[PDB]
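Student: Sharing a structure, written as structure tokens. Questions coming.
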Amino acid sequence: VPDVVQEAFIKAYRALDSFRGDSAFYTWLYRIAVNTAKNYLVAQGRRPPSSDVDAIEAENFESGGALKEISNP
Amino acid sequence: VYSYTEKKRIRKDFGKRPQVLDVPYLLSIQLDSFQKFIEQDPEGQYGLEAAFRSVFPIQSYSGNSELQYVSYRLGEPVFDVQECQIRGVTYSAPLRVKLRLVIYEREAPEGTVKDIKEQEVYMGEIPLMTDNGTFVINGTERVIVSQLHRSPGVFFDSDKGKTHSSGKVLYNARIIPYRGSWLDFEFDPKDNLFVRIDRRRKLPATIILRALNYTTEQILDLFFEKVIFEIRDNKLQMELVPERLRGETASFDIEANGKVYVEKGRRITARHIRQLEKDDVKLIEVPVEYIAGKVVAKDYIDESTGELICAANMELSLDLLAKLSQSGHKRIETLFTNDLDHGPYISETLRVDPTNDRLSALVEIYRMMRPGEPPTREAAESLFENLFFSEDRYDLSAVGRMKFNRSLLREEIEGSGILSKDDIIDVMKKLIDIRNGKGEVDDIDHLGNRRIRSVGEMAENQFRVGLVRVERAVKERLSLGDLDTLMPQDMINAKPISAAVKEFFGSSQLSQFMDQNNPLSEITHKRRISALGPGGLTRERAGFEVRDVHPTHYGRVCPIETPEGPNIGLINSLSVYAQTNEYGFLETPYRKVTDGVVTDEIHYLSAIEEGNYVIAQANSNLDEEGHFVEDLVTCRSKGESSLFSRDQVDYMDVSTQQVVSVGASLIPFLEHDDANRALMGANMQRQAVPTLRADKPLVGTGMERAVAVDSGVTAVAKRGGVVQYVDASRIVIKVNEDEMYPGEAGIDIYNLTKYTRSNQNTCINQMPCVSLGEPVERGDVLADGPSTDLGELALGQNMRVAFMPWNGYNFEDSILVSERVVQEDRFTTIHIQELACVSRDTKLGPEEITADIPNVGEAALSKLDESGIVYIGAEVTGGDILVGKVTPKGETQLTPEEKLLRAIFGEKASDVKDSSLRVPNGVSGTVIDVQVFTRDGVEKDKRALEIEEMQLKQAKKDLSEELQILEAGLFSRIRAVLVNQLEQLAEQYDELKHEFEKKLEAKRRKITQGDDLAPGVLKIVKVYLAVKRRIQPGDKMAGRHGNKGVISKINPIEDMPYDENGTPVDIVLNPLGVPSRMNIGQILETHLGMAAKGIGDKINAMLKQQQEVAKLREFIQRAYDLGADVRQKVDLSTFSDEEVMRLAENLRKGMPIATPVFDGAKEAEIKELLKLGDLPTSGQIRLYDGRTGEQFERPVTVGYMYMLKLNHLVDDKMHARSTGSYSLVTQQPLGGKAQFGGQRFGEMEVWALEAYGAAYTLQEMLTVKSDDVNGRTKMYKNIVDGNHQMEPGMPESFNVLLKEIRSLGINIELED
Amino acid sequence: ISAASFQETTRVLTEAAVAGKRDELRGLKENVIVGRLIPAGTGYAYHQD
Amino acid sequence: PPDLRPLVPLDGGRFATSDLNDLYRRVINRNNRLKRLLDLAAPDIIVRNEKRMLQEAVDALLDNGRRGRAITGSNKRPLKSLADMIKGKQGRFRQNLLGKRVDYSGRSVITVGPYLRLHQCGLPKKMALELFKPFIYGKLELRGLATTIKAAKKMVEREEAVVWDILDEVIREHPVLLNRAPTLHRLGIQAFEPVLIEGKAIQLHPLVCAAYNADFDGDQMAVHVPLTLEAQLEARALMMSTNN
Amino acid sequence: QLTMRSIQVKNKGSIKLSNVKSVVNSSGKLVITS
Amino acid sequence: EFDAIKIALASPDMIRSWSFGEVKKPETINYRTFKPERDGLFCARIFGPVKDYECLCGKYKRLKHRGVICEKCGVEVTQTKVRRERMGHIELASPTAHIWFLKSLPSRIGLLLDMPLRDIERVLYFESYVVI
Amino acid sequence: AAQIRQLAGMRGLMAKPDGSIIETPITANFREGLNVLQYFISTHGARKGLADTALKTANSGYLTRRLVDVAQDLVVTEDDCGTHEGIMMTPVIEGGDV
RNA sequence: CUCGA
DNA sequence: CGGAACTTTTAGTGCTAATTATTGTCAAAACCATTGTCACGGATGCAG
DNA sequence: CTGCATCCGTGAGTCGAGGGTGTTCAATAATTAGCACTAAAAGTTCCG
Ligand SMILES: [Mg+2]
Ligand SMILES: [Zn+2]
């Protein structure tokens, strides 16, 4: 949460001169926050998962490529 | 009367107590809960209608837009259950709900709506079940285990013992709702009252009462009494009632009406109370120091100056006494404080409360609730009214209100869902009275305080969790939506309904796949009472309270059936007659007893209604017409066994088998067994492997006819009649003319299931049991599934068992088995393993299923066809290939013999590596089925097209048979017309033909199209291996009385001990485990099996020599009319003299005898049964030696014992690895039998080697053989060269630890 | 090393990190951790040599 | 290093991942945003909250669970920090340095053998073949039968009748170490001489089972190979059943 | 093997007392001030 | 072979001597192909080559070019065992206090600064100040 | 002897869930049939004894690990020290007879 | 989650 | 084994078109679980 | 300044088997992943 909340705060601070004053600051910050949350969701959808399968439960498993090596004496 | 499945082989029954209630449906709880979960019910009853009426209707942010709800509907399943189990898709159903979206006009409060939008919309899917309560989630069968949790309401725990290291008991009251926040009042070791909400910081309990709009004088009026002090002319006299002065010593001279009563320094007893009440005095003389120790209750304002003279919760002094006397106030009300009546707990909590107002109280409760966001009279009051009083975030149901009204001893049973202030006043008063010394506390180990949730109530919570997210999504969509743009179908989405229900039904702590190898296991796994899961305790962090059994579990929770190991008592089993209450409790049926006669009716009594009435003994001896033969009887008043009379009883037990579960009721002579032995036998009957040829048990319990019928392993006939066409695949049942439907009827088709794979790799098979022309009735069986025999459960097989030590081969508990068992094809079990090969889409080219495998021999390619898949019916050995698959050599982790060639002259990219599915080492099975799934857009080979052509031919044959029987029924109907309408029936004939062609086109579309797979794979080939395993030295076998052993060594027939008749014994057990492990019932079962084998031998000798039916009928009549007053009471003269020969053919192998659990047969019945045959009365027969051939002194006991085969075969645990795969993050061998991994040297084994010497043995085991990168290769080179010489080197996992410590801010270095 | 393999690992690691502790691997468990000869059995004569 | 926290493709949609990677990505992202905020002349409280986020990420990466609240990534479960990768029963000091998995081992069900002596026990034929592969390879390279080790490996895999007398020659006086999976005292690990028995189970003396405290109701024990001359003489001299 | 959760004299001999601090009463008995 | 093990604190110059590269980007791996990023968490010029005797670019793969770097990547081509011992560093712009010496109970920074643990927790979390 | 006493003769006195001894015994043996409430009291008494070992072996292993970690830092390295201090061995005569 | 010790 | 015709590719140039990460936001915009484990040491505030 | 009591950090056995999941607005500025075109070098049969 605080990375995307502070990134929304940076993008609100760096674009405050375009505020035409037709509304209040709260709806502007609301739309900026939801747009940054959806942009972070899109960027997370492009990224691989962070905590999908544990690595200790990966060597003793079928089709392990780099966890186990075919190297015998 | 007797049905036809009992006329083939009637079981001899014992016992004397007659039953009144039949055996109910054993799978009725989960089926009733799932029928309650999905049913159309008005007025807001159970099911999905309550969740559809709680959330809907939804409105926007005052935008005059509403989304209404009308009804719902369920769609048809798109596949059969067998095709759903094969393909691996979920067994779901569409959820068609009709909605209504109305929107009001702008700038109008009563705008009449002219734009109504009613449209059926589709949201998510719900998983359905079969006729046995088995869900199909992903291929396999997973059943949901019911959870046993605490009932919603109020509780009074006693924090005694070593709580807070003070040596003083405590009292805390907790309010537990079904969904919402938790309230907890608790006491100190001191006298201060405090409260806590969801385990937060400690804050006083009076501040939430002041936040409920209450003043301090109302607090001291509600909680404490009122002592009246009047201002007389002198001495400030006081009113008195003599009851309040109990236990208090008089510090003055109590005198009234000019007469002294109590001297200064005298305590008042009850006779003094009676003497002071007989004089009827009210006003006494009290000194001025008594009021100076008391506290004034209410605030008294002055009338002269208009100020406050004495603040609340403040003790009085002499100057304040002079002020209140000079002001002119006569009435002064104080409090009453005494350690025996009302302890000081409200005044100290009021004086420790720093805020005496409401706004600062809201500020403090907002500070303790949410640290941060400082409000100004907005968020604190809204949070206080939203945390406890809103119906959305507080969900006290009807059972919670019922428990709250029952534990508080009130009259009403219903109410509202939200809480109230007066309930908080009453529970604080109940805490005050339970501290004061009236009433008792409620134990947490009470079944009346524990509620069980089924699959429907657990699924409705996840449906509501998804529905509130749907409500939030449609709120955010309706907040900006305008008018007349869209039909309401994009306002809602499928997710997260289907995602949440898939997360619930697929992966949970209770959603586990069942073990499918035993119908006993299928019938006891659904009747499992688990205490783990969400909203419960963990199995590793449980105390000594939950594991022990309470005496309220008599008839509801089985005490002898619990798993030994990490969780003992946490996993409970439901009883036979235990039923689920409407609120969620467990009841037991009982026989209603009047003053003189026991009325034969049933009455369901819960656990809370147990202590009120009295329940008599189950096996009490009674006379006819409802009379007890004895005056003294054994009963229980409130959970304690006592001795009562014949007139105080009001209820009686309905049966004697209501205490044990369905798995423990099949063990004969259970009352002669220890609880540990019966507990180990009840957990070993759940793992019996079915054999190749089932055999009936000789000593049954009568419950064997219910487990095979009410389970889903057999095919029960729905409509009785005659059987026309008996085949191994299908069974044709012809419906009789009386039970036939009056329109569009016909015959029934029962399709049996063939050899397929189960969850525990057990080959389940169904075989027919009826012949051509045989008539059947309603409820009769048609086929025998796994471990069944003519509609009766049969787990193992009976064998001849002798009890003698034989050369140390039965040393501890081991079993000796002759060669006659393995020669008669008895213990051969069939196992089916699933081997799958997937061709994933990788880089530099996709993989192929071609048969041109490079660098392989022609002897290995002799099993492959022109496509590359092994045939159906070709035997394979361990190490052979099954399906060919090539690799474009883009993958990593190559062998070094290929890595050296690639380093010298490689990387051409034309060559393909041999990465194919192969048979594992050890198993030798026969390929019986090949399944090929193909993604759309991928070309197929000729064998796959042959497979789909065979499936299309089988489906065409099945649909042709269905068309033929439908046309036969329609031709019978058009013949029945002729006893403008024949045009109508010809139109129906043409419509049925067009519907058949449309169903055939739909089946062709289902067969020819492709199925969905993983993202990035081409096709999956599944090969089914069928290995046949037999008995060998190394397996595990056990009986029913909790005696287990390992088979030692196979023995020929001539080496076995044999009697004087010449018959050799097959099993030689050990009689030394009988006195220590106290299971004496196995000898009684052996004697009963010997008597049954004697009757069977007499029957076979009477049959083999040709004999008339009169003598056989007389012998069966003499065997069935034994003088024991049994409940069978059969006669052989009522038979039709044709099925008596079938009865003799079914009884020529033995005599099945039934013996009840606690009403079993006495020893005299077994003695007269042995006296009926030519067997000796003592039961011990002389046996000769096998090798030497002499005569054994002290002749042993022989007979027949029912013994099972465990799922612990020696060809599944044996493993040996020289050199195999190694992990990369740590240079260490792997572990397991699937992968080539060795065992693990434990941490205690290193200390065991350190207890010895062996520095070189411990150094070679840890470094050379396990950890060294350049040490094991040199050791392998030196061993084969003839040089036993190792090198120490350095371990690699220590370097991993060094890099892990060096990755932090701590430096570590190896010096010189 | 004999205390880091037991419980309370971070406190004894911070105790041995700020002090500059130098242990001479004279023991039983800390030679199992390194992976050399134990000075109890046959390796005790090697340690004496 | 990346070889200690691997991120690998797993067949299908599933991926196999270490816990620390997400914390490292969060630390790198917060350090990059902290380096970008100081150049654009941000107000003091924005870079103050950025420094607070970076300090929270640092002391969550060093030891998660010691802060005011342990952060989580998914599954409502705390991520495994570098301090959590050392402590516990899954760290290096309990799982991969003290008690480790060993090669040349086996496991089978016990069986009562009343015809064998006190200094010997039984051993199956397939376990004796799989446990003593390099001794068979060395004795086949010594004799004039197999030139290379590939022909000897094919002769072992084919299961001919010429490997059996070699197996009887190499297990003449070669004792093995037997091991019970619960080991309370020192008598749970003893040495025995193997004999070739037909079956799939390990035979044991009835008198030595009183020291093992293991009945015959389905108990499984492990075997080990000494593989070293000093280890063989050690098992003959001190770990023998006749000496204990 | 463990678990978790003025008297008569049979033998005939002489009587010995360690750390003697005692006086004799008038009834013939012996009383101990220690 | 080696004598007693010495354990002490780690200087930043010693971490800079242990380092063989600077991680600058939070991108770990690409989703479409599993080649590592240029300067992310998984790299080649910081830690080493993925495959044995094969560079990341694929220009140098023979044994004659064993031990030389490329023109743009700059990876010394070698075996895959090099990626197990080599480490990197992160140049943090702001100093970070350690948690093992701060909340050890008893702590090491609090005993050295003769200051209780709550005051240093208030200073480091920017809710209180300290003067110098 | 006690188990054959419970086998042939009556089992005697049993236990209650509070921890003390119930004042009502079991007047049956294993050869003759058992009542339902007697078997209920017997399985309550046996469930605690079955759970005792399962809840005790973890503490036994923890105590073994602790006593190993305290010990093993000592080696018998000398033959004789030449001291004069020791303890006086006395039999256990306090309490019972011997 | 579970099974045997 | 020595030669030219025949045939199949792994490396270098480009070039368009799906993957990358960016700009907008301006009626207003009521918010995660916990909660049914036990038992030690010792650094902390009150709170006299 | 000598103690009271309230929390906060540590832990709670071992060896095998089966089965494994994540809460999305529009429109673009650059940007790199296929992919056509040569490249004869490199590879593969064939005639004396
Ligand atoms: Mg055992
Ligand atoms: Zn390169």
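Residues in the structure tokens are named by chain (A, B, ... in the order shown) and by number from 1 within that chain; ligands are numbered from 1 in the order shown.
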Using 7 Å as the limit and counting only C-alpha atoms and all ligand atoms, can you tabulate each residue of chain F that touches ligand 2, with its shortest atom-to-atom distance in Å and the two atoms involved, as CSV?

Tutor:
```
residue,atom,partner,partner_atom_place_in_ligand_line,distance
F:55,CA,ligand 2,1 (Zn),4.9
F:56,CA,ligand 2,1 (Zn),5.2
F:57,CA,ligand 2,1 (Zn),3.6
F:58,CA,ligand 2,1 (Zn),5.4
F:59,CA,ligand 2,1 (Zn),5.1
F:60,CA,ligand 2,1 (Zn),6.2
F:70,CA,ligand 2,1 (Zn),4.7
F:73,CA,ligand 2,1 (Zn),5.7
F:74,CA,ligand 2,1 (Zn),6.9
F:75,CA,ligand 2,1 (Zn),6.7
```

Student: Could you please extract the residues within 10 Å of ligand 1, counting only C-alpha atoms (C1' of nucleotides) and all ligand atoms, and hand them back as a VMD selection string?

Tutor: (chain B and resid 1044 to 1045) or (chain D and resid 213 to 220) or (chain H and resid 4 to 5)

Student: Please report the interatomic distance between CA of residue 1238 (chain B) and CA of residue 106 (chain D) in Å with one decimal.

Tutor: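 Separation between CA of residue 1238 (chain B) and CA of residue 106 (chain D): 6.7 Å.
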
Student: Just list the residues in chain F DSSP gives alpha helix (DSSP H) on the backbone, as JSON, numbers by chain.

Tutor: {"F": [12, 13, 14, 15, 16, 17, 18, 109, 110, 111, 112, 117, 118, 119, 120, 121, 122, 123, 124]}

Student: What's around residue 7 (chain J) at 10 Å? Count only C-alpha atoms (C1' of nucleotides), leave out sequence neighbours fewer than 2 positions away in its own chain, and write the answer as an MDAnalysis selection string.

Tutor: (chainID I and resid 43:44) or (chainID J and resid 5)

Student: Residues at most 10 Å from residue 42 (chain J), counting only C-alpha atoms (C1' of nucleotides), excluding those fewer than 3 positions away in the same chain, as a PyMOL selection string?

Tutor: chain I and resi 8-10

Student: Can I get the selected residues back with C-alpha atoms (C1' of nucleotides), as a compact mmCIF listing (two decimals), in the first residue's frame?

Tutor:
```txt
# COMPACT_ATOMS: atom_id res chain seq x y z
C1' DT I 8 20.68 -26.79 -45.67
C1' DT I 9 21.48 -23.23 -42.35
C1' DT I 10 23.24 -19.92 -38.05
```

Student: Residues near residue 42 (chain F), anyone? I mean within 12 Å using only C-alpha atoms (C1' of nucleotides), not counting same-chain ones fewer than 5 positions away, as JSON, numbers by chain.

Tutor: {"D": [1, 2, 3, 4, 5, 6, 7, 8, 21, 24, 25], "F": [21, 22, 23, 24, 25, 26, 27, 28, 29, 30, 34, 35, 36, 37, 47, 48, 49, 50, 83, 87, 88]}

Student: Give the answer as one residue: which of F:92, F:68, F:44, F:105 has the shortest atom-to-atom distance to chain C, using only C-alpha atoms?

Tutor: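 The closest residue to chain C is F:105.
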
Student: Which residues of chain J come within 12 Å of chain B, and what is each one's closest atom pair and distance in Å (one decimal), counting only C-alpha atoms (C1' of nucleotides), sorted by chain and residue number, as a tab-separated table?

Tutor:
```
residue	atom	partner	partner_atom	distance
J:5	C1'	B:164	CA	10.1
J:6	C1'	B:164	CA	10.7
J:7	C1'	B:201	CA	11.8
J:12	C1'	B:540	CA	8.8
J:13	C1'	B:1244	CA	9.9
J:14	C1'	B:1242	CA	7.5
J:15	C1'	B:1240	CA	8.1
J:16	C1'	B:1213	CA	7.7
J:17	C1'	B:1213	CA	8.3
J:18	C1'	B:760	CA	8.2
J:19	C1'	B:513	CA	8.4
J:20	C1'	B:507	CA	8.0
J:21	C1'	B:503	CA	6.2
J:22	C1'	B:499	CA	8.9
J:23	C1'	B:496	CA	7.7
J:24	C1'	B:495	CA	11.6
J:42	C1'	B:908	CA	11.1
J:43	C1'	B:908	CA	10.8
```

Student: Find, counting only C-alpha atoms, the residue in G:81, G:10, G:92, G:71 that gets nearest to residue 1250 (chain B).

Tutor: G:71

Student: Determine the nearest neighbour of chain D from the options I:15, I:33, I:39, I:46, counting only C-alpha atoms (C1' of nucleotides).

Tutor: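 Answer, going by the shortest atom-to-atom distance: I:33.
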
Student: For chain I, report every residue with an atom at most 7 Å from chain A (counting only C-alpha atoms (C1' of nucleotides)), formatted as a ChimeraX atom specification.

Tutor: /I:25-26,28-29

Student: When you look at residue 1255 (chain B) with a cut-off of 6 Å (counting only C-alpha atoms (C1' of nucleotides)), what residues show up, excluding the ones that are within fewer than 2 positions of it in the same chain? I need them as a PyMOL selection string.

Tutor: (chain B and resi 1257-1259) or (chain C and resi 37-38+41-43)

Student: Restrict the selected residues to C-alpha atoms and save them as a PDB file, in the first residue's frame.

Tutor:
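The result, written out as out.pdb:
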```pdb
ATOM      1  CA  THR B1257      32.309 -43.133  10.172  1.00  0.00           C
ATOM      2  CA  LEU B1258      30.569 -39.858  11.049  1.00  0.00           C
ATOM      3  CA  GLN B1259      32.969 -37.825   8.893  1.00  0.00           C
TER       4      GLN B1259
ATOM      5  CA  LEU C  37      37.200 -35.433  12.731  1.00  0.00           C
ATOM      6  CA  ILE C  38      35.563 -35.380  16.169  1.00  0.00           C
ATOM      7  CA  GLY C  41      36.609 -41.397  19.071  1.00  0.00           C
ATOM      8  CA  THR C  42      39.397 -42.330  16.671  1.00  0.00           C
ATOM      9  CA  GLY C  43      39.858 -38.648  15.790  1.00  0.00           C
TER      10      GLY C  43
END
```

Student: If you count only C-alpha atoms (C1' of nucleotides), which residues fall within 12 Å of region 4-20 of chain E, apart from same-chain ones fewer than 4 positions away, as JSON, numbers by chain?

Tutor: {"B": [543, 544], "E": [30, 31, 32, 33, 34], "G": [19, 48, 49, 51, 52, 53, 54, 55, 56, 57, 58, 59, 60, 95, 96, 97, 98]}

Student: For chain B, work out the contacting residues on chain I at 7 Å, counting only C-alpha atoms (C1' of nucleotides), and write them as a count of residues only.

Tutor: 4
